[PDB]
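Novice: This is the structure I have questions about; it appears just below.
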Amino acid sequence: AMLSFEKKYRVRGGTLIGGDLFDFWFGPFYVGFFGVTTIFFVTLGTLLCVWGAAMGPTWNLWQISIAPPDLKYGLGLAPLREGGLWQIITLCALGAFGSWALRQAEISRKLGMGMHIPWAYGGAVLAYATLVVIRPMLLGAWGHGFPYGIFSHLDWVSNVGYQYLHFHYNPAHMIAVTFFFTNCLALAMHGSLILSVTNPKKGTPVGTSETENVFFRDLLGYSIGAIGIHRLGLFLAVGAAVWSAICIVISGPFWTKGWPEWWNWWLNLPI
Amino acid sequence: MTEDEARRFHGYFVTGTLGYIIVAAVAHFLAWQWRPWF
Amino acid sequence: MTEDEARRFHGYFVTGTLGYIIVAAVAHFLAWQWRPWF
Amino acid sequence: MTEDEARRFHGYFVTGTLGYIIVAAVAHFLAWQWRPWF
Amino acid sequence: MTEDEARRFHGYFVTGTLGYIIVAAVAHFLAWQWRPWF
Amino acid sequence: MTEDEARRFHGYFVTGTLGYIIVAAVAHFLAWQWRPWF
Amino acid sequence: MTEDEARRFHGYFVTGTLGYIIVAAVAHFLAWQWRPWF
Amino acid sequence: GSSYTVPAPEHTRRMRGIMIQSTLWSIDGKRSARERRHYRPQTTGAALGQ
Amino acid sequence: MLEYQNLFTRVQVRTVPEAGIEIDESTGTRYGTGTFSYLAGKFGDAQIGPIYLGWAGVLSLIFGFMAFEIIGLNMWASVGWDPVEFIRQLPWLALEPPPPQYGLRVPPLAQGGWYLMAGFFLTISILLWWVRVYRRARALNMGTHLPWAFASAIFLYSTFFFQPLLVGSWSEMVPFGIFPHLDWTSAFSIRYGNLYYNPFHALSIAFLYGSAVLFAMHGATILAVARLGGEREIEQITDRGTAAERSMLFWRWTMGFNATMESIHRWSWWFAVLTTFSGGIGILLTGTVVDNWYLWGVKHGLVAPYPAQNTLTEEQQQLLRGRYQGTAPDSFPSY
Amino acid sequence: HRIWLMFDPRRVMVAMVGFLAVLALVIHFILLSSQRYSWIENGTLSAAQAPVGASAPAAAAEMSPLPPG
Amino acid sequence: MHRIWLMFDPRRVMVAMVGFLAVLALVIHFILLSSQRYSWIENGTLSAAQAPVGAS
Amino acid sequence: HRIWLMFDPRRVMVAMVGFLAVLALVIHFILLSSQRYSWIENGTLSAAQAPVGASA
Amino acid sequence: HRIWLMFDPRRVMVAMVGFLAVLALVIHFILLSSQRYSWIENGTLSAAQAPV
Amino acid sequence: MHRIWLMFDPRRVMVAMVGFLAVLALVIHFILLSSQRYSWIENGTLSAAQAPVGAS
Amino acid sequence: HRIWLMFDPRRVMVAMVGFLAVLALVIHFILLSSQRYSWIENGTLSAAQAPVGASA
Amino acid sequence: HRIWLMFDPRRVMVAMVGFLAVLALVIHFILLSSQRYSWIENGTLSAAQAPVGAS
Amino acid sequence: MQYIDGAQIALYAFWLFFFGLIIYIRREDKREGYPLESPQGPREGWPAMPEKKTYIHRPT
Ligand SMILES: CCCCCCCCCCCCCC(=O)OC[C@H](COP(=O)(O)OCC(O)COP(=O)(O)OC[C@@H](COC(=O)CCCCCCCCCCCCC)OC(=O)CCCCCCCCCCCCC)OC(=O)CCCCCCCCCCCCC
Ligand SMILES: CCCCCCCCCCCCCC(=O)OC[C@H](COP(=O)(O)OCC(O)COP(=O)(O)OC[C@@H](COC(=O)CCCCCCCCCCCCC)OC(=O)CCCCCCCCCCCCC)OC(=O)CCCCCCCCCCCCC
Ligand code: BCL
Ligand SMILES: CC[C@H]1c2cc3[nH]c4c(c3C)C(=O)[C@H](C(=O)OC)c4c3nc(cc4[nH]c(cc(n2)[C@@H]1C)c(C(C)=O)c4C)[C@@H](C)[C@@H]3CCC(=O)OC/C=C(\C)CCC[C@H](C)CCC[C@H](C)CCCC(C)C
Ligand SMILES: COC(C)(C)C/C=C/C(C)=C/C=C/C(C=O)=C/C=C/C(C)=C/C=C/C=C(C)/C=C/C=C(\C)CC/C=C(C)/C=C/C=C(\C)C(=O)O
Ligand SMILES: COC(C)(C)C/C=C/C(C)=C/C=C/C(C=O)=C/C=C/C(C)=C/C=C/C=C(C)/C=C/C=C(\C)CC/C=C(C)/C=C/C=C(\C)C(=O)O
Ligand SMILES: COC(C)(C)C/C=C/C(C)=C/C=C/C(C=O)=C/C=C/C(C)=C/C=C/C=C(C)/C=C/C=C(\C)CC/C=C(C)/C=C/C=C(\C)C(=O)O
Ligand SMILES: COC(C)(C)C/C=C/C(C)=C/C=C/C(C=O)=C/C=C/C(C)=C/C=C/C=C(C)/C=C/C=C(\C)CC/C=C(C)/C=C/C=C(\C)C(=O)O
Ligand SMILES: COC(C)(C)C/C=C/C(C)=C/C=C/C(C=O)=C/C=C/C(C)=C/C=C/C=C(C)/C=C/C=C(\C)CC/C=C(C)/C=C/C=C(\C)C(=O)O
Ligand SMILES: COC(C)(C)C/C=C/C(C)=C/C=C/C(C=O)=C/C=C/C(C)=C/C=C/C=C(C)/C=C/C=C(\C)CC/C=C(C)/C=C/C=C(\C)C(=O)O
Ligand SMILES: COC(C)(C)C/C=C/C(C)=C/C=C/C(C)=C/C=C/C(C)=C/C=C\C=C(C)\C=C\C=C(C)\C=C\C=C(C)\C=C\CC(C)(C)OC
Ligand SMILES: [Fe+3]
């Protein structure tokens with residue numbers, strides 16, 4: 001099945017690895033070399049997640065938890081019973097996340113597009129890599145990563161946040177939250193703006209680009225561009241993930257005490 | 001839209017509003033018999 | 001709206017305003033008998 | 001707005017303002033009789 | 001704005017400021033008799 | 001903004017500045033009599 | 001923008017800088033006699 | 001408690017934040033701020049003879 | 001070297017400022033003429049144009065400034081009117097809610113009256129701003145999607161009033177303060193047993209992350225086809241060009257399914273709205289239906305098992321029993 | 001008066017009414033939070049019985065559990 | 001007096017007035033409900049001598 | 001009455017009905033949340049046995 | 001009067017009314033928050049009984 | 001020395017000057033208000049001998 | 001006097017007044033924050049009675 | 001000399017004054033935060049009475 | 001009752017609402033490029049493609 005305009009776009013070329021062997025479509029999906037690599041890592045990682053569930057006490061979806069090894073194993077590959085299975089799944093996830101990004105770059109190259117989508121996705125991958133690779137390496141043990149469980153990884157976030165007695169006082173966390181909140185507000189504004197022009201008051205014609213700019217100047221005194229809003233949305237969403245990666249990588253590797261005590265520098269200014 | 005349309009609608013709006021208030025008054029009378037609030 | 005139209009609306013408005021204030025005056029006097037606030 | 005229109009608005013505005021202040025002064029007299037603040 | 005209009009506006013502005021300050025002066029003398037701050 | 005206009009504004013600015021400082025000097029004199037800070 | 005009018009500016013700027021520094025020299029001498037910092 | 005007695009002003013905190021003692025005061029040692037932390041004692045003009 | 005990434009604008013045009021589409025000006029008007037910012041034109045549109053002011057906007061500004069003044073003046077009084085301490089300690093200062101024992105009755109002015117007054121004025125200001133947004137939308141014959149998107153956030157904001165009223169105390173309200181409202185967030189989660197196990201809280205987390213994901217995806221997609229004219233979305237919606245086709249095809253080949261140039265904005269709208277809607281429901285159920293979300297999660301099979309880290313003997317079970325927190329001591333005893 | 005030529009009466013009236021509304025609400029709310037003029041609770045008291053001199057920054061206990069609702 | 005309707009649209013004034021009165025009525029009713037003396041839903045049957053009074 | 005010439009009956013009916021429905025739900029919910037008028041549980045009690053607020 | 005040619009009277013008087021309103025609010029608030037001049041509660045006290 | 005008014009716009013100088021003077025006056029007034037010695041709202045009636053002095 | 005040809009006097013004056021004003025406030029505020037020179041409180045003390053920092 | 005041909009004197013002057021101003025503030029503030037050279041508090045002490053680091 | 005509580009009821013009501021919303025948005029997603037072309041013939045997923053939507057343009 002193809003869209004009514006899809007046939008003329010399904011051409012060869014644009015791949016980073018391979019030729020006509022991996023230049024086909026399986027149903028709607030495009031399969032490249034990195035499509036094949038994605039399926040390998042997804043299948044291996046998911047099957048090992050199912051095995052970790054079978055080793056545990058329950059099949060309940062919310063209660064399944066595959067935990068990282070103890071801190072005493074210290075950057076080694078622990079026994080698979082004792083957390084080594086978590087490390088293997090982590091490698092499969094890294095390979096699948098990397099393959100997904102490279103597969104996206106191949107698709108945009110075939111369509112004559114920019115490379116923005118792979119790099120925007122790389123912000124999320126960087127945050128994940130900080131959580132399970134960079135910060136655990138700086139702290140010296142793979143056991144500093146979070147467990148793989150729907151509600152188990154919420155317990156990790158709670159306990160890690162309270163390792164600094166008040167995680168709200170983290171300066172980088174405060175900035176990252178502002179990025180997340182502003183992004184949600186801007187997305188609601190952008191979604192409303194396009195829909196209100198395209199679906200206007202009943203019986204009236206569809207509005208124009210002037211209508212958007214006039215409306216937001218009337219409301220706020222300033223109207224970002226049609227390209228400005230898409231630049232801002234990319235900046236807010238990706239910057240939220242980048243500031244999240246900073247906020248967690250400075251807790252422990254750089255700051256070990258409580259986060260409220262960090263604000264001594266502001267209170268001890270000479271003035 | 002016109003004067004005659006306004007008069008016809010007004011007649012039904014007035015009867016509908018007043019009849020609704022009388023039915024609510026009877027409901028308050030029944031509620032008073034059950035558990036008065038003053 | 002003309003000056004004559006403004007005159008006609010104003011007559012209904014003061015009557016509606018006066019009727020609203022009078023009914024509120026009865027409500028305040030009823031509440032005073034039940035529980036005076038001074 | 002013409003100068004005459006400003007003159008007509010000013011007369012109503014001044015009378016309304018001063019009358020409002022007088023009504024507030026009577027309210028302050030009634031409050032003082034009830035519970036003086038000085 | 002013109003010079004003839006600036007003269008006429010300056011008269012009401014000065015008289016308005018003069019009256020406002022005099023009311024403030026009377027208010028401060030009232031407050032000083034009631035509870036001096038020095 | 002010509003030279004003569006700068007001459008006219010400068011005369012009022014200097015007088016206003018020097019007058020303002022003298023009034024502030026009298027204010028500090030009154031504060032010193034009430035509660036000296038040295 | 002030229003040398004002739006820059007020389008006129010420099011005379012007022014230098015005399016302003018000298019006056020500012022002289023008042024600061026008097027201020028520091030007053031502070032030293034009141035409470036020396038060395 | 002079955003009854004409440006009003007403390008002296010010098011024993012009352014100006015700041016009503018619940019966590020102010022552990023998040024700010026435990027790291028703040030400025031003497032001016034420590035002085036501002038509480039209300040100051042008061043009297044009457046008659047008590048002073050004024 | 002690298003291609004043009006459409007991240008910034010190097011050549012900016014200047015014309016006469018756009019005064020604006022003619023609208024009804026009986027109860028309001030446009031102020032300013034429209035200036036141009038060189039720094040703002042690099043990122044988006046350069047015009048700092050005229051702003052419309054009417055009845056609702058003026059009233060909203062008056063009420064909001066009253067609330068802001070009350071909050072700031074109470075903050076300043078809390079440090080003894082010290083300006084140095086006011087700036088230095090500003091993140092820690094707060095306008096605190098009333099004490100718990102007053103319930104919903106009026107507190108003293110210095111012990112929560114200012115708080116309630118400022119909250120009332122802020123609520124009135126927010127509602128008047130909503131009215132202003134609605135009028136601005138319908139003056140240009142636009143649909144009212146932004147008013148209802150704003151109403152969702154207003155619903156979440158108003159749960160911070162309705163939950164304390166449902167539990168029966170204004171003491172449970174959010175203090176006005178930078179660090180203090182975070183303190184309230186933490187203590188509210190602790191008091192009601194780990195808000196991580198509130199299902200509507202998890203739902204709002206999911207919609208917040210989904211909003212970030214959707215905006216990253218849409219922004220990257222539009223910037224990737226901006227050289228084909230994809231940033232003119234209205235045109236690509238009423239007359240589908242090759243930029244919309246390429247966006248659709250990219251996402252269909254990547255994911256197996258796609259949206260249109262119009263419906264991706266519906267996705268965005270609904271994710272952003274559902275964030276605050278589910279959050280408000282979750283806050284409303286806390287303390288009124290469920291008092292301990294961890295125990296509710298244990299009830300409904302949400303809590304993963306861990307090995308026990310301690311065991312207690314029976315005498316230890318009786319001794320380690322504590323007392324619920326009560327009143328502060330109003331006396332200084334002498335021993 | 002010529003002031004209405006400089007300022008449109010339509011624009012001034014809305015600002016004037018809004019200022020009066022906020023000021024009247026502020027004063028009524030301040031009196032409601034005071035001990036002496038909390039008329040909804042103590043309006044029936046005579047002038048002699050009304051509270052006097054009750055500034056008392058810690059007039060009530062700050063820490064306590066919620067009332068038994 | 002009637003010329004106020006030429007300066008101000010009756011449609012806008014009436015809608016604003018109804019919104020102001022509705023909010024005012026709700027606020028006053030709610031303030032009385034939250035008080036001790038006038039929480040009429042619970043204690044409305046008490047006589048005037050039995051109703052709560054604030055402390056002297 | 002010419003109020004309908006300057007106010008659209010369709011919008012008035014929708015706003016009025018919506019206001020009445022929300023008001024009725026609020027009043028019913030306030031009574032249900034109270035002690036005296038929690039009729040789902042205590043509706044069979046007589047007026048003498050129904051809860052009354054604290055008397056002073 | 002010539003100052004009114006340099007400055008627009010409309011903007012000056014709006015900024016003057018706004019500044020004085022905030023100043024009056026700030027001063028009345030400071031006195032209300034003080035002990036000596038909390039006139040809502042202390043107003044009936046004589047000058048000798050007022051707090052110092 | 002009057003030539004500075006051609007280098008700098010008199011209108012912009014007056015606004016900036018008044019704004020700086022207003023902010024400075026408020027800061028000085030409030031610095032004194034928060035001090036023990038110069039509260040003057042609570043302790044203004046004290047004589048200079050009775051006014052507080054910082055510790056030696 | 002030839003510096004003013006290389007450097008624009010208008011922006012130099014603004015940067016000079018801006019820097020000196022900020023520097024003056026910083027020094028005044030640093031002294032006000034200290035114990036020896038907290039002149040608002042202890043300005044009436046003599047040089048002998050003024051506080052001195054910790055010694056060895 | 002020929003350095004002003006390679007570098008604009010106006011750009012050099014601004015960068016140099018900005019660097020010197022920052023360096024002087026950093027040194028003055030580092031000494032102010034120390035114990036031996038907290039001159040605003042202990043400047044009247046003689047060199048023998050000034051604080052010295054341990055050992 | 002005992003096991004059934006208000007939070008669970010609200011959660012399931014939200015689930016039903018979300019599924020309905022997803023169906024509506026998926027219907028809106030199929031307003032361009034449909035019906036799909038396949039060798040076997042025309043194809044539509046669930047939900048089916050909606051009716052043709054026409055816009056309104058200003059007169060010249
Ligand atoms: C929320 C509401 C909506 C929720 C839902 C949202 C859905 C979103 C997506 C929308 C589209 C879905 C439909 C779709 O994808 O259809 C594809 C296909 C039609 O494909 P086609 O168009 O005929 O194919 C075109 C083209 O590829 C023709 O090539 P050819 O015909 O030569 O195919 C060669 C392929 C296939 O040969 C294989 O052997 C692949 C078999 C894959 C499935 C079985 C896996 C297990 C055995 C593995 C092999 C064993 C040895 C043979 O050969 C290839 O290599 C193709 C690429 C395969 C992937 C890359 C290589 C990976 C290699 C490493 C990993 C190996 C496996 C671990 O049609 C169907 O399969 C019909 C059924 C579709 C509905 C799904 C039914 C699922 C049932 C099971 C559900 C389980 C739930 C847990
Ligand atoms: C607490 C406060 C919170 C926070 C506050 C929450 C407040 C409520 C929010 C509700 C969602 C609003 C969504 C939205 O886009 O709003 C903007 C729109 C702007 O419309 P407009 O400016 O008046 O005019 C624009 C209009 O011309 C085009 O609008 P657009 O197309 O963008 O979206 C409006 C409609 C789509 O319109 C159509 O489909 C009409 C096309 C022609 C007729 C269709 C064929 C005939 C059908 C006949 C049978 C059908 C007849 C209806 O979109 C919507 O209304 C949203 C639809 C998706 C959401 C519902 C999905 C299903 C949910 C139930 C699932 C159940 C389980 C399976 O404003 C509206 O009011 C739209 C109309 C809303 C209709 C539903 C109202 C429901 C009220 C429920 C409570 C009533 C009191 C008890
Ligand atoms: C220890 C702390 C607790 C916790 C306690 C809470 C509490 C308590 C709440 C949340 C809520 C939220 N939390 Mg949580 N939260 C924790 C951990 C997390 C984590 C994480 C990394 O683990 C994440 C990602 C989140 C994320 C989120 C959001 C999804 C959600 C708020 C939505 C929103 O947009 O709010 C921002 C949006 C608004 C506030 C909307 C209203 C905005 C108004 C209209 C703005 C008016 C401004 C005015 C005009 C200007 C200022 C005026 C001046 C004040 C005068 N929480 C832990 C478990 N969280 C909320 C929620 O819904 O929970 C169910 C909530 O109340
Ligand atoms: C979909 C949910 C998200 C959402 C949506 C949303 N918010 C919205 C909207 C929408 C759709 C609007 O239409 C509306 C709007 O107009 O946005 C531009 C709004 C809005 N969201 C806002 C804020 C906001 N939204 C938030 C969150 C969210 N908004 C959610 C994440 C938050 C957070 C995270 O807490 C905040 C703080 C506002 C910008 C605006 C509503 C404006 C409003 O109601 O204003 C009332 C007016 C006042 C309170 C007056 C204030 C007066 C000044 C404080 C005094 C000025 C003094 C002096 C002149 C200057 C002093 C400077 C200092 C103050 C810096
Ligand atoms: C403690 O609790 C708190 C809450 C705190 C306390 C507070 C309480 C408060 C503040 C309450 C406020 C109450 C209030 C006022 O504000 C309440 C106001 C109520 C009112 C006015 C109700 C009016 C109802 C009117 C109705 C039902 C009319 C129906 C019309 C009908 C049936 C006719 C339709 C038929 C037609 C048209 C025929 C077609 C004609 C055609 C086609 C033609 O004409 O051609
Ligand atoms: C708890 O402590 C706190 C709360 C803090 C204490 C504080 C309290 C405060 C500050 C209170 C403020 C109160 C206040 C403010 O001034 C109160 C002001 C109240 C006022 C003015 C009310 C006015 C009401 C007027 C009404 C109802 C009029 C209705 C008119 C109608 C229906 C006319 C219909 C006929 C028409 C339309 C003709 C058809 C058209 C025709 C023919 C045509 O077009 O031809
Ligand atoms: C802690 O304690 C704190 C609280 C801080 C202590 C507080 C301190 C402070 C700072 C208090 C401030 C008080 C204040 C500020 O100045 C008070 C100032 C009050 C003022 C000015 C009130 C003015 C009211 C004016 C009114 C009501 C006018 C009404 C006019 C009417 C009705 C006529 C209009 C109708 C017309 C024209 C129709 C003809 C049209 C025609 C012919 C046409 O259109 O053609
Ligand atoms: C701890 O700190 C704390 C304790 C806070 C210490 C704080 C200390 C400080 C820093 C205090 C500051 C005080 C201060 C200065 O700075 C205070 C400055 C006060 C001043 C200047 C007040 C001036 C008011 C002037 C008024 C009201 C004028 C009104 C004019 C009117 C009405 C006329 C209108 C015009 C007309 C009618 C013309 C018609 C049109 C015509 C003819 C036409 O169009 O032609
Ligand atoms: C711990 O404490 C801390 C705070 C930390 C310690 C720190 C202290 C510090 C740093 C203090 C700094 C102080 C300072 C800085 O230098 C102080 C500097 C003060 C100065 C210079 C004030 C100058 C005021 C000037 C005024 C008022 C002029 C008024 C002029 C008028 C009215 C004339 C009007 C013009 C007309 C009418 C023209 C008509 C138009 C015409 C003719 C035309 O048409 O052209
Ligand atoms: C621990 O404590 C810490 C703080 C850390 C330790 C600190 C350390 C540091 C780094 C200190 C730095 C100090 C410093 C740096 O060098 C200090 C540098 C000070 C300097 C240079 C001051 C110069 C002042 C000069 C002034 C004010 C001149 C004004 C001139 C005027 C008004 C006249 C202009 C008018 C004219 C011309 C009109 C004619 C117009 C004409 C003809 C026309 O229009 O054409
Ligand atoms: C010189 O400086 C001055 C003082 C002049 C001005 C400066 C001001 C400054 C610096 C202000 C600073 C303000 C800051 C930092 C504010 C911070 C605010 C924050 C972080 C707020 C965060 C959360 C607050 C929330 C969520 C509050 C919600 C409150 C609500 C919903 C309250 C509702 C209350 C109602 C509806 C009350 C009704 C009253 C009645 C009597 C009807 O019911 C009790
Ligand atoms: Fe878009």
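Quick note on naming: the chains in the structure tokens go A, B, ... in the order shown, residues restart at 1 in each chain, and ligands are numbered from 1 in order of appearance.
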Identify, on the basis of only C-alpha atoms, every residue whose closest approach to residue I:49 does not exceed 9 Å; exclude the query and any residue fewer than 6 positions from it along the same chain; express the result as a VMD selection string.
Specialist: (chain A and resid 214 217 to 218 221 to 223) or (chain I and resid 17 to 19 31 to 36)
Novice: What does the file look like for those residues with N, CA and C atoms, as a short mmCIF file (atom, residue, chain, number, x, y, z; two decimals), in the first residue's frame?
Specialist:
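Below you can see part.cif, which holds the result:
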data_model
loop_
_atom_site.label_atom_id
_atom_site.label_comp_id
_atom_site.auth_asym_id
_atom_site.auth_seq_id
_atom_site.Cartn_x
_atom_site.Cartn_y
_atom_site.Cartn_z
N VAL A 214 -0.64 39.30 12.88
CA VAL A 214 -1.46 40.35 13.47
C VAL A 214 -2.04 39.89 14.80
N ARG A 217 0.64 39.81 17.54
CA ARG A 217 1.02 41.18 17.89
C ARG A 217 -0.08 41.88 18.68
N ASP A 218 -1.34 41.61 18.36
CA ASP A 218 -2.44 42.17 19.13
C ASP A 218 -2.45 41.62 20.56
N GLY A 221 2.10 41.86 21.52
CA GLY A 221 2.99 42.89 21.03
C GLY A 221 4.16 42.38 20.21
N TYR A 222 4.26 41.07 20.00
CA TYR A 222 5.33 40.50 19.20
C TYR A 222 4.83 39.19 18.60
N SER A 223 5.22 38.94 17.36
CA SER A 223 4.86 37.71 16.66
C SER A 223 6.12 37.12 16.04
N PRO I 17 6.08 49.25 8.77
CA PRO I 17 5.53 48.28 9.71
C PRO I 17 4.07 47.97 9.42
N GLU I 18 3.71 46.70 9.59
CA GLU I 18 2.34 46.26 9.39
C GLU I 18 1.46 46.84 10.50
N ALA I 19 0.57 47.76 10.13
CA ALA I 19 -0.36 48.31 11.11
C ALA I 19 -1.30 47.23 11.63
N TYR I 31 -1.91 50.20 20.25
CA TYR I 31 -0.96 51.17 20.75
C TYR I 31 0.42 50.87 20.18
N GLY I 32 1.16 51.94 19.90
CA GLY I 32 2.41 51.86 19.18
C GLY I 32 2.20 51.93 17.68
N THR I 33 3.32 51.99 16.96
CA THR I 33 3.29 51.97 15.51
C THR I 33 4.01 50.77 14.90
N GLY I 34 4.88 50.11 15.65
CA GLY I 34 5.65 49.01 15.12
C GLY I 34 7.09 49.38 14.87
N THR I 35 8.00 48.83 15.67
CA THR I 35 9.43 49.01 15.50
C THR I 35 10.05 47.72 15.00
N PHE I 36 11.34 47.77 14.70
CA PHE I 36 12.07 46.61 14.21
C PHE I 36 13.27 46.35 15.10
#
Novice: Enumerate residues in contact with ligand 12: an atom-to-atom distance of at most 10 Å, counting only C-alpha atoms and all ligand atoms. Format the result as a list in words.
Specialist: residues 187, 190, 191, 193, 194, 195, 226, 227, 229, 230 and 233 of chain A; 215, 218, 219, 221, 222, 223, 230, 231, 232, 233, 234, 261, 262, 263, 264, 265 and 268 of chain I
Novice: I need the helix (DSSP H, G or I) residues of chain Q per DSSP on the backbone, written as an NGL selection string.
Specialist: :Q and (6-29)
Novice: Put those residues in a file: N, CA and C atoms, as a compact mmCIF listing (two decimals), in the first residue's frame.
Specialist:
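Okay, this is what ended up in again28.txt:
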# COMPACT_ATOMS: atom_id res chain seq x y z
N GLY Q 6 -12.64 5.53 43.17
CA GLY Q 6 -12.85 6.65 42.25
C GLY Q 6 -11.71 6.85 41.27
N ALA Q 7 -10.47 6.68 41.74
CA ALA Q 7 -9.31 6.88 40.87
C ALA Q 7 -9.32 5.90 39.70
N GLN Q 8 -9.67 4.64 39.97
CA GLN Q 8 -9.74 3.64 38.91
C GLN Q 8 -10.84 3.96 37.90
N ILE Q 9 -12.01 4.39 38.38
CA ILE Q 9 -13.10 4.75 37.48
C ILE Q 9 -12.69 5.93 36.59
N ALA Q 10 -12.08 6.95 37.20
CA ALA Q 10 -11.64 8.10 36.42
C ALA Q 10 -10.58 7.71 35.41
N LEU Q 11 -9.67 6.81 35.79
CA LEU Q 11 -8.62 6.37 34.88
C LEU Q 11 -9.22 5.64 33.67
N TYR Q 12 -10.21 4.79 33.90
CA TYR Q 12 -10.79 4.07 32.77
C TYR Q 12 -11.65 4.98 31.89
N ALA Q 13 -12.33 5.96 32.49
CA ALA Q 13 -13.02 6.96 31.68
C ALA Q 13 -12.04 7.73 30.81
N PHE Q 14 -10.88 8.09 31.37
CA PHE Q 14 -9.86 8.76 30.57
C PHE Q 14 -9.35 7.85 29.47
N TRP Q 15 -9.20 6.55 29.75
CA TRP Q 15 -8.73 5.63 28.71
C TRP Q 15 -9.71 5.57 27.55
N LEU Q 16 -11.01 5.47 27.85
CA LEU Q 16 -12.01 5.48 26.78
C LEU Q 16 -11.97 6.78 25.99
N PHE Q 17 -11.86 7.91 26.68
CA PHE Q 17 -11.78 9.19 25.99
C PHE Q 17 -10.55 9.26 25.10
N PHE Q 18 -9.40 8.79 25.60
CA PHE Q 18 -8.17 8.83 24.83
C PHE Q 18 -8.27 7.97 23.58
N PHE Q 19 -8.87 6.78 23.70
CA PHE Q 19 -9.00 5.92 22.53
C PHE Q 19 -9.92 6.54 21.49
N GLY Q 20 -11.02 7.16 21.93
CA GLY Q 20 -11.87 7.88 20.99
C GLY Q 20 -11.14 9.03 20.32
N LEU Q 21 -10.36 9.79 21.09
CA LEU Q 21 -9.60 10.90 20.53
C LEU Q 21 -8.58 10.41 19.51
N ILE Q 22 -7.92 9.28 19.80
CA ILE Q 22 -6.93 8.74 18.88
C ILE Q 22 -7.60 8.30 17.59
N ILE Q 23 -8.79 7.70 17.69
CA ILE Q 23 -9.54 7.34 16.49
C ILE Q 23 -9.88 8.58 15.67
N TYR Q 24 -10.32 9.65 16.33
CA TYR Q 24 -10.66 10.87 15.60
C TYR Q 24 -9.44 11.47 14.90
N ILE Q 25 -8.30 11.53 15.60
CA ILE Q 25 -7.11 12.12 15.01
C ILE Q 25 -6.58 11.24 13.88
N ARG Q 26 -6.67 9.92 14.02
CA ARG Q 26 -6.26 9.04 12.93
C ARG Q 26 -7.17 9.20 11.72
N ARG Q 27 -8.46 9.45 11.94
CA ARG Q 27 -9.34 9.79 10.82
C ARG Q 27 -8.89 11.08 10.14
N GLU Q 28 -8.52 12.09 10.93
CA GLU Q 28 -8.04 13.34 10.33
C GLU Q 28 -6.72 13.15 9.59
N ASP Q 29 -5.89 12.20 10.02
CA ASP Q 29 -4.61 11.96 9.37
C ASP Q 29 -4.76 11.43 7.95
Novice: Give me the RMSD in Å over all C-alpha atoms, paired in order, after least-squares superposition of chain O onto chain L.
Specialist: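 My reading of the C-alpha RMSD is 0.5 Å.
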